[PDB]
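Let me begin by presenting the structure, written as structure tokens, before commenting on it.
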Amino acid sequence: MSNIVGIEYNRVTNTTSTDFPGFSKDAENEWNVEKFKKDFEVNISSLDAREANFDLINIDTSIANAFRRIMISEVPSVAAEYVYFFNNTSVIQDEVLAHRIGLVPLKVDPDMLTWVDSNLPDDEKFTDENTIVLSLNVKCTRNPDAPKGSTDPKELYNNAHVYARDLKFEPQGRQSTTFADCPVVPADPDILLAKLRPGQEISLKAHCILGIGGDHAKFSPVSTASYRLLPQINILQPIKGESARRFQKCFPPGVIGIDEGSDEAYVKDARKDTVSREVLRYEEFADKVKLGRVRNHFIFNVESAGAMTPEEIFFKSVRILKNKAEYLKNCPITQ
Amino acid sequence: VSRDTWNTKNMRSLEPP
Amino acid sequence: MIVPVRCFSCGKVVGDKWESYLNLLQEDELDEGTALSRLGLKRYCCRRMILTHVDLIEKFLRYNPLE
Amino acid sequence: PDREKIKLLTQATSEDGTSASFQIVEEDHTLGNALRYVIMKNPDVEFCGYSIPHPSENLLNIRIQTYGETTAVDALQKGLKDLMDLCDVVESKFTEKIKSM
Amino acid sequence: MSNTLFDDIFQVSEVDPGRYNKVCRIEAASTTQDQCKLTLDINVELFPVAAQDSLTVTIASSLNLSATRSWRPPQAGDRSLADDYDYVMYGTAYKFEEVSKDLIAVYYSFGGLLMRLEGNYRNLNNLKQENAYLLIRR
Amino acid sequence: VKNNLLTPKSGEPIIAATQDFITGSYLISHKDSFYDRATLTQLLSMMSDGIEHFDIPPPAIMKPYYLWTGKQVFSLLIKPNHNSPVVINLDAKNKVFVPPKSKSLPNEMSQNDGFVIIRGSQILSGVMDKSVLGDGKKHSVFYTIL
Ligand SMILES: [Zn+2]
């Protein structure tokens, strides 16, 4: 108890915050910054162009899950919305191909585009500030060559595979200068869109706009953003001998180790632990260990689809939460 | 990495349409 | 038919992994599990998207009507 | 001047405030849960909870009952101010750790 | 002082969790009241109880020494009973039964955690009233 | 529908809690369920739409923490505030009732929560089972309210 989620053999306990006045007679844990400000802490573990891993420490589950939900569903990104097919003679149906192109994640940074207003006419909805236009023109022809009979299609034909990288950025209007230094390319250019045999062709253009992951999955900027509580393993009594090695085997490789000399098993790295509670099934360690998770220590893993960096996605999520709270604050309350 | 991309760029997508 | 672009569950892009997974299986032959882990498919949903995919487009293309 | 975002449900409202239900459109568990947490962190608030009455509608009904010290509207406004402050602290700490790295 | 409807020391005979993980039903007999039995449901993850420990049990109304209608906790600086009791429950007495000549049993429900107090002469004090604080200290 | 909550063949209720509703009610009223004020009020807001006033009763446990049992949650479900006219009194044997340890003890002393006592819309013992929230029994909570 007391900030620790209890991991039992048949249940999970103590999962609610209990950090408010009215939990106990001491009406403590009133909200105040300069207490939360001094207790809250961030520990960044790693940073890539596509993945981040950081620890929001001493924050409540509601706020951490608010950030996670905003990242997954409410942070805007850019994806193809409308596909215009000039010619499609492949076996892949037009709508199937259009859906796939929509699922291709574009390496265009949002805040370069404005939100599309859907109240405008169709002739007046898409502008050089609202839309990215990607074309795709592939015609498959037999390779004018003669390799081994019935070989792999990469050399029997030409353009036998249509990749996402074949999607070409077409500047419209003033995008020729706005996007000159950051041309729009797929985040994953080896995405296989379609396979076509000689005589088949795919000609199209696609309009890409800002969207919300709640509106459609294709707009989500994170290939997964989630967290997990920090595992906590408390070895109540010394474990020694071969029993210590069995205890060690109950966890993933690096989680616990055997001290040299003392031959006692100690918790070496609880972060690497997945809570399979394997140890909680042996009745040998039944009272020699307590499994738990720190309820307010969140290990965020944010892996981005590719349009923006994971730390940017997280900051945008915090800014989105703050903005919606502030919008509500400014709004008047109507009877 | 280690860049405050959000401070450098003036966001536009994040505001409500 | 053709490999999905995204894992149905997490949304991770798996459509750029199909050819490289096929190459890892055929050339420098590895187990399916090790080939999947070498591509970064750690979550079992992402592993499923590649392990269970049936590449029916290659069969459907044998019936090309515009030969 | 948005006049549709947050409404006060009068049938659910008491006399002299201190107990009121607010309807917030285009909101869901994201804002509802954080707001409820922050509002419960207020000593005068005796009751706070939200509900999305139906998934089909993008609507959130948040209920606040207080003791006599303040009205539900004041507790709501304080909750929104405190949520903004909390997110500001989170922003500062995260941007500082990004810069340090 | 003048709010304790009942108080006595009990010696726990047995504690058993019957298919529960945080509530145990303890049985105790009074030390120096040869007739006073006690069957009591205790949240033991809050107040651990072991077999053969002596518990001071007190029944009181008004732990004290707007028309809001929602219960409000007493302030943190409020002097009250329970400032020297480890465990305190609030519930109602819903039944008095006769078990023999000059021997009665009283039933309290603390939100579903039952107490059965067997005794002889506790009539001018133990009423069928919502006001029932159970106070327990080690 | 409200005029036909009972079947005419026996008078027993036929519109009542189904499977997951019964299990959720059981898990709430299970004797191991305790709730602090925040969780309790969120439960009550879920129970209503957030448009119902609730008179929060005193917590069952006042020390070391302010905790409400799940039976108090269901008592508030039956009768949320003092303006609610529903004052229910009910005795019921749950579908799995093991008797008390002694043949002379009252039924609410069942070794499990096998017996539901409701007095003044307050659930004083017993879990919320099929026998007290489902069909076919005239000691149902909803039948008595009806
Ligand atoms: Zn996946």
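To be explicit about the labels: the chains of the structure tokens are called A, B, and onward in the order shown, and within each one the residues are counted from 1, while ligands get numbers from 1 in the order they are shown.
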
**Request:** Please identify every polymer residue within 6 Å of ligand 1, using only C-alpha atoms and all ligand atoms, and present the set as number ranges by chain.
**Result:** C: 7, 9-10, 12, 43, 45-46

**Selection: 12 Å around residue 54 of chain D, only C-alpha atoms, excl. self and same-chain fewer than 3 positions, as a PyMOL selection string** = (chain D and resi 28+51+57-61) or (chain F and resi 46+48-50)

Give me, as a PDB file with N, CA, C and O atoms, in the first residue's frame, the contact residues of chain B against chain D at a cut-off of 8 Å, counting only C-alpha atoms.
```pdb
ATOM      1  N   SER B   2      18.042  16.534 -28.215  1.00  0.00           N
ATOM      2  CA  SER B   2      18.307  17.581 -27.231  1.00  0.00           C
ATOM      3  C   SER B   2      17.881  18.957 -27.728  1.00  0.00           C
ATOM      4  O   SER B   2      18.405  19.976 -27.266  1.00  0.00           O
ATOM      5  N   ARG B   3      16.931  19.004 -28.653  1.00  0.00           N
ATOM      6  CA  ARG B   3      16.485  20.244 -29.267  1.00  0.00           C
ATOM      7  C   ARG B   3      15.061  20.558 -28.833  1.00  0.00           C
ATOM      8  O   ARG B   3      14.198  19.676 -28.811  1.00  0.00           O
ATOM      9  N   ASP B   4      14.827  21.823 -28.478  1.00  0.00           N
ATOM     10  CA  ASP B   4      13.495  22.315 -28.124  1.00  0.00           C
ATOM     11  C   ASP B   4      12.788  22.755 -29.401  1.00  0.00           C
ATOM     12  O   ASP B   4      12.593  23.942 -29.670  1.00  0.00           O
TER      13      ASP B   4
END
```

**Item:** Filtered DSSP result for chain D, state strand (DSSP E), as number ranges by chain
**Value:** D: 6-9, 19-25, 45-51, 59-66

Now that the selection is made, can you save its residues with C-alpha atoms as a PDB file, in the first residue's frame?
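The new file part.pdb reads:
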```pdb
ATOM      1  CA  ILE D   6     -19.760  24.525 -21.422  1.00  0.00           C
ATOM      2  CA  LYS D   7     -23.345  24.637 -20.193  1.00  0.00           C
ATOM      3  CA  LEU D   8     -24.820  24.568 -16.722  1.00  0.00           C
ATOM      4  CA  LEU D   9     -27.470  21.881 -16.295  1.00  0.00           C
ATOM      5  CA  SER D  19     -23.827  21.639  -6.301  1.00  0.00           C
ATOM      6  CA  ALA D  20     -23.954  21.767 -10.075  1.00  0.00           C
ATOM      7  CA  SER D  21     -23.594  19.623 -13.163  1.00  0.00           C
ATOM      8  CA  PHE D  22     -21.810  21.072 -16.171  1.00  0.00           C
ATOM      9  CA  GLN D  23     -22.163  19.820 -19.723  1.00  0.00           C
ATOM     10  CA  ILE D  24     -18.980  20.138 -21.781  1.00  0.00           C
ATOM     11  CA  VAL D  25     -19.239  19.281 -25.467  1.00  0.00           C
ATOM     12  CA  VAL D  45     -15.151  19.826  -2.944  1.00  0.00           C
ATOM     13  CA  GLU D  46     -17.141  16.942  -1.424  1.00  0.00           C
ATOM     14  CA  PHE D  47     -18.135  15.324  -4.719  1.00  0.00           C
ATOM     15  CA  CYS D  48     -16.616  15.293  -8.172  1.00  0.00           C
ATOM     16  CA  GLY D  49     -17.170  12.900 -11.008  1.00  0.00           C
ATOM     17  CA  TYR D  50     -17.816  13.018 -14.721  1.00  0.00           C
ATOM     18  CA  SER D  51     -19.744  10.824 -17.103  1.00  0.00           C
ATOM     19  CA  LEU D  59     -20.579  15.241 -24.609  1.00  0.00           C
ATOM     20  CA  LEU D  60     -19.237  15.200 -21.007  1.00  0.00           C
ATOM     21  CA  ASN D  61     -21.344  15.816 -17.848  1.00  0.00           C
ATOM     22  CA  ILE D  62     -19.162  16.790 -14.874  1.00  0.00           C
ATOM     23  CA  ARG D  63     -20.788  16.959 -11.449  1.00  0.00           C
ATOM     24  CA  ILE D  64     -19.390  19.092  -8.623  1.00  0.00           C
ATOM     25  CA  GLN D  65     -20.870  19.250  -5.143  1.00  0.00           C
ATOM     26  CA  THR D  66     -19.052  21.377  -2.591  1.00  0.00           C
TER      27      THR D  66
END
```

**Message:** Could you work out which residues of chain A fall inside 8 Å of chain D? Count only C-alpha atoms, and format the result as a PyMOL selection string.
**Reply:** chain A and resi 19-22+27+29-33+36-37+40-44+62-63+65-66+69-70+311+315+318-319+321-326+328-329+331-335

Residues of chain A near chain F: apply a cut-off of 9 Å, count only C-alpha atoms, and supply the list as a CSV table (one decimal) with C-alpha atoms, in the first residue's frame.
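In the end it all went to iface_8.csv:
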```csv
chain,number,residue,atom,x,y,z
A,16,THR,CA,-6.2,4.3,-6.9
A,17,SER,CA,-4.4,7.5,-6.1
A,18,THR,CA,-5.7,8.3,-2.6
A,20,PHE,CA,-6.7,14.1,-1.9
A,22,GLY,CA,-11.0,13.7,2.3
A,23,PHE,CA,-9.0,10.5,2.1
A,24,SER,CA,-8.2,10.8,5.8
A,25,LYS,CA,-8.8,13.0,8.8
```

**Message:** If we count only C-alpha atoms and set the cut-off at 9 Å, which residues sit around residue 1 of chain F, ignoring sequence neighbours fewer than 3 positions away in its own chain? Please answer as number ranges by chain.
**Reply:** F: 4-5, 15

With N, CA and C atoms retained, export the selected residues as a CSV table (one decimal), in the first residue's frame.
```
chain,number,residue,atom,x,y,z
F,4,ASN,N,-44.6,-3.7,-17.5
F,4,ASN,CA,-44.5,-5.2,-17.7
F,4,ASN,C,-43.2,-5.7,-17.2
F,5,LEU,N,-42.8,-5.2,-16.0
F,5,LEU,CA,-41.6,-5.8,-15.4
F,5,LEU,C,-41.8,-7.1,-14.8
F,15,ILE,N,-37.9,-8.6,-16.2
F,15,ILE,CA,-36.9,-7.5,-16.6
F,15,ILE,C,-36.1,-7.2,-15.3
```

Residues of chain E within 12 Å of chain A: nearest atom pair and distance (Å, one decimal) for each, counting only C-alpha atoms, sorted by chain and number, as CSV?
```
residue,atom,partner,partner_atom,distance
E:21,CA,A:11,CA,10.0
E:22,CA,A:13,CA,10.4
E:45,CA,A:1,CA,9.2
E:46,CA,A:1,CA,9.9
E:71,CA,A:22,CA,10.6
E:72,CA,A:22,CA,8.4
E:73,CA,A:25,CA,6.6
E:74,CA,A:25,CA,6.8
E:75,CA,A:25,CA,6.8
E:76,CA,A:26,CA,4.7
E:77,CA,A:26,CA,8.2
E:78,CA,A:25,CA,9.2
E:79,CA,A:25,CA,11.2
E:80,CA,A:25,CA,11.0
E:82,CA,A:25,CA,10.5
E:83,CA,A:25,CA,10.2
E:88,CA,A:25,CA,11.8
```

Would you export the selected residues with N, CA and C atoms as a PDB file, in the first residue's frame, please?
```pdb
ATOM      1  N   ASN E  21      -9.705 -11.361   1.171  1.00  0.00           N
ATOM      2  CA  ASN E  21      -8.306 -10.969   1.221  1.00  0.00           C
ATOM      3  C   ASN E  21      -8.053  -9.704   2.024  1.00  0.00           C
ATOM      4  N   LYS E  22      -9.086  -8.944   2.367  1.00  0.00           N
ATOM      5  CA  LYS E  22      -8.889  -7.776   3.209  1.00  0.00           C
ATOM      6  C   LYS E  22      -9.846  -7.706   4.390  1.00  0.00           C
ATOM      7  N   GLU E  45      -6.304  -5.539   6.490  1.00  0.00           N
ATOM      8  CA  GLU E  45      -5.227  -4.819   5.828  1.00  0.00           C
ATOM      9  C   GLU E  45      -5.087  -3.404   6.368  1.00  0.00           C
ATOM     10  N   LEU E  46      -6.121  -2.884   7.029  1.00  0.00           N
ATOM     11  CA  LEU E  46      -6.045  -1.611   7.728  1.00  0.00           C
ATOM     12  C   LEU E  46      -5.663  -1.793   9.187  1.00  0.00           C
ATOM     13  N   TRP E  71     -22.034  13.987   4.280  1.00  0.00           N
ATOM     14  CA  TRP E  71     -21.143  13.895   5.424  1.00  0.00           C
ATOM     15  C   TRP E  71     -19.844  14.632   5.148  1.00  0.00           C
ATOM     16  N   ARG E  72     -19.396  15.400   6.131  1.00  0.00           N
ATOM     17  CA  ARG E  72     -18.153  16.129   6.041  1.00  0.00           C
ATOM     18  C   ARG E  72     -17.211  15.650   7.133  1.00  0.00           C
ATOM     19  N   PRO E  73     -15.946  15.390   6.820  1.00  0.00           N
ATOM     20  CA  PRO E  73     -15.026  14.944   7.854  1.00  0.00           C
ATOM     21  C   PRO E  73     -14.781  16.040   8.873  1.00  0.00           C
ATOM     22  N   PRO E  74     -14.536  15.681  10.127  1.00  0.00           N
ATOM     23  CA  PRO E  74     -14.086  16.677  11.097  1.00  0.00           C
ATOM     24  C   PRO E  74     -12.720  17.206  10.706  1.00  0.00           C
ATOM     25  N   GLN E  75     -12.459  18.451  11.088  1.00  0.00           N
ATOM     26  CA  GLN E  75     -11.212  19.105  10.723  1.00  0.00           C
ATOM     27  C   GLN E  75     -10.021  18.372  11.335  1.00  0.00           C
ATOM     28  N   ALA E  76      -8.846  18.587  10.742  1.00  0.00           N
ATOM     29  CA  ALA E  76      -7.657  17.867  11.187  1.00  0.00           C
ATOM     30  C   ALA E  76      -7.261  18.240  12.609  1.00  0.00           C
ATOM     31  N   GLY E  77      -7.551  19.462  13.038  1.00  0.00           N
ATOM     32  CA  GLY E  77      -7.226  19.865  14.390  1.00  0.00           C
ATOM     33  C   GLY E  77      -8.330  19.628  15.399  1.00  0.00           C
ATOM     34  N   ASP E  78      -9.389  18.934  14.997  1.00  0.00           N
ATOM     35  CA  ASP E  78     -10.522  18.711  15.885  1.00  0.00           C
ATOM     36  C   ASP E  78     -10.186  17.614  16.886  1.00  0.00           C
ATOM     37  N   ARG E  79     -10.185  17.960  18.168  1.00  0.00           N
ATOM     38  CA  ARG E  79     -10.074  16.951  19.208  1.00  0.00           C
ATOM     39  C   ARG E  79     -11.347  16.123  19.228  1.00  0.00           C
ATOM     40  N   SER E  80     -11.199  14.809  19.138  1.00  0.00           N
ATOM     41  CA  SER E  80     -12.346  13.922  19.203  1.00  0.00           C
ATOM     42  C   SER E  80     -11.875  12.581  19.726  1.00  0.00           C
ATOM     43  N   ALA E  82     -11.483   8.671  18.993  1.00  0.00           N
ATOM     44  CA  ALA E  82     -10.720   8.044  17.923  1.00  0.00           C
ATOM     45  C   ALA E  82      -9.327   8.637  17.799  1.00  0.00           C
ATOM     46  N   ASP E  83      -9.002   9.708  18.520  1.00  0.00           N
ATOM     47  CA  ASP E  83      -7.623  10.169  18.542  1.00  0.00           C
ATOM     48  C   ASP E  83      -6.721   9.234  19.329  1.00  0.00           C
ATOM     49  N   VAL E  88     -11.535   2.634  13.626  1.00  0.00           N
ATOM     50  CA  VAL E  88     -12.852   3.198  13.906  1.00  0.00           C
ATOM     51  C   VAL E  88     -13.786   2.929  12.738  1.00  0.00           C
TER      52      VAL E  88
END
```

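Across the structure, atom CA of residue 78 of chain F and atom CA of residue 128 of chain F are spaced 12.1 Å apart.
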
Taking a cut-off of 10 Å and counting only C-alpha atoms, can you build a table that, for each residue of chain C near chain A, reports the nearest atom pair and how far apart they are in Å (one decimal), sorted by chain then residue number, as JSON lines?
```
{"residue": "C:1", "atom": "CA", "partner": "A:92", "partner_atom": "CA", "distance": 8.4}
{"residue": "C:2", "atom": "CA", "partner": "A:194", "partner_atom": "CA", "distance": 7.2}
{"residue": "C:3", "atom": "CA", "partner": "A:192", "partner_atom": "CA", "distance": 7.5}
{"residue": "C:4", "atom": "CA", "partner": "A:100", "partner_atom": "CA", "distance": 7.6}
{"residue": "C:5", "atom": "CA", "partner": "A:103", "partner_atom": "CA", "distance": 6.4}
{"residue": "C:6", "atom": "CA", "partner": "A:103", "partner_atom": "CA", "distance": 7.0}
{"residue": "C:7", "atom": "CA", "partner": "A:223", "partner_atom": "CA", "distance": 8.9}
{"residue": "C:8", "atom": "CA", "partner": "A:217", "partner_atom": "CA", "distance": 9.8}
{"residue": "C:9", "atom": "CA", "partner": "A:224", "partner_atom": "CA", "distance": 9.3}
{"residue": "C:10", "atom": "CA", "partner": "A:224", "partner_atom": "CA", "distance": 5.7}
{"residue": "C:11", "atom": "CA", "partner": "A:223", "partner_atom": "CA", "distance": 5.1}
{"residue": "C:12", "atom": "CA", "partner": "A:223", "partner_atom": "CA", "distance": 4.4}
{"residue": "C:13", "atom": "CA", "partner": "A:223", "partner_atom": "CA", "distance": 7.2}
{"residue": "C:14", "atom": "CA", "partner": "A:191", "partner_atom": "CA", "distance": 7.8}
{"residue": "C:15", "atom": "CA", "partner": "A:191", "partner_atom": "CA", "distance": 4.8}
{"residue": "C:16", "atom": "CA", "partner": "A:191", "partner_atom": "CA", "distance": 3.9}
{"residue": "C:17", "atom": "CA", "partner": "A:191", "partner_atom": "CA", "distance": 7.6}
{"residue": "C:18", "atom": "CA", "partner": "A:192", "partner_atom": "CA", "distance": 7.9}
{"residue": "C:19", "atom": "CA", "partner": "A:192", "partner_atom": "CA", "distance": 8.2}
{"residue": "C:20", "atom": "CA", "partner": "A:190", "partner_atom": "CA", "distance": 9.6}
{"residue": "C:57", "atom": "CA", "partner": "A:195", "partner_atom": "CA", "distance": 7.4}
{"residue": "C:58", "atom": "CA", "partner": "A:195", "partner_atom": "CA", "distance": 8.0}
{"residue": "C:60", "atom": "CA", "partner": "A:91", "partner_atom": "CA", "distance": 7.3}
{"residue": "C:61", "atom": "CA", "partner": "A:197", "partner_atom": "CA", "distance": 6.7}
{"residue": "C:62", "atom": "CA", "partner": "A:197", "partner_atom": "CA", "distance": 8.6}
{"residue": "C:63", "atom": "CA", "partner": "A:91", "partner_atom": "CA", "distance": 9.3}
{"residue": "C:64", "atom": "CA", "partner": "A:197", "partner_atom": "CA", "distance": 6.9}
{"residue": "C:65", "atom": "CA", "partner": "A:199", "partner_atom": "CA", "distance": 8.9}
{"residue": "C:66", "atom": "CA", "partner": "A:199", "partner_atom": "CA", "distance": 5.5}
{"residue": "C:67", "atom": "CA", "partner": "A:199", "partner_atom": "CA", "distance": 6.2}
```

**Asked** What residues in chain B lie within 6 Å of chain A, counting only C-alpha atoms, written as a PyMOL selection string?
**Response** chain B and resi 11-13+17

Deliver the residues from the most recent selection as a file, using N, CA and C atoms, as a PDB file, in the first residue's frame.
```pdb
ATOM      1  N   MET B  11       3.781  26.958 -33.686  1.00  0.00           N
ATOM      2  CA  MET B  11       2.840  25.911 -34.061  1.00  0.00           C
ATOM      3  C   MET B  11       1.581  26.492 -34.694  1.00  0.00           C
ATOM      4  N   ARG B  12       0.989  25.734 -35.603  1.00  0.00           N
ATOM      5  CA  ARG B  12      -0.292  26.093 -36.204  1.00  0.00           C
ATOM      6  C   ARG B  12      -1.312  24.963 -36.179  1.00  0.00           C
ATOM      7  N   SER B  13      -0.873  23.713 -36.345  1.00  0.00           N
ATOM      8  CA  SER B  13      -1.804  22.589 -36.351  1.00  0.00           C
ATOM      9  C   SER B  13      -2.476  22.418 -34.996  1.00  0.00           C
ATOM     10  N   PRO B  17      -9.124  24.144 -35.140  1.00  0.00           N
ATOM     11  CA  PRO B  17      -9.529  24.683 -36.445  1.00  0.00           C
ATOM     12  C   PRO B  17     -10.687  25.674 -36.365  1.00  0.00           C
TER      13      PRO B  17
END
```
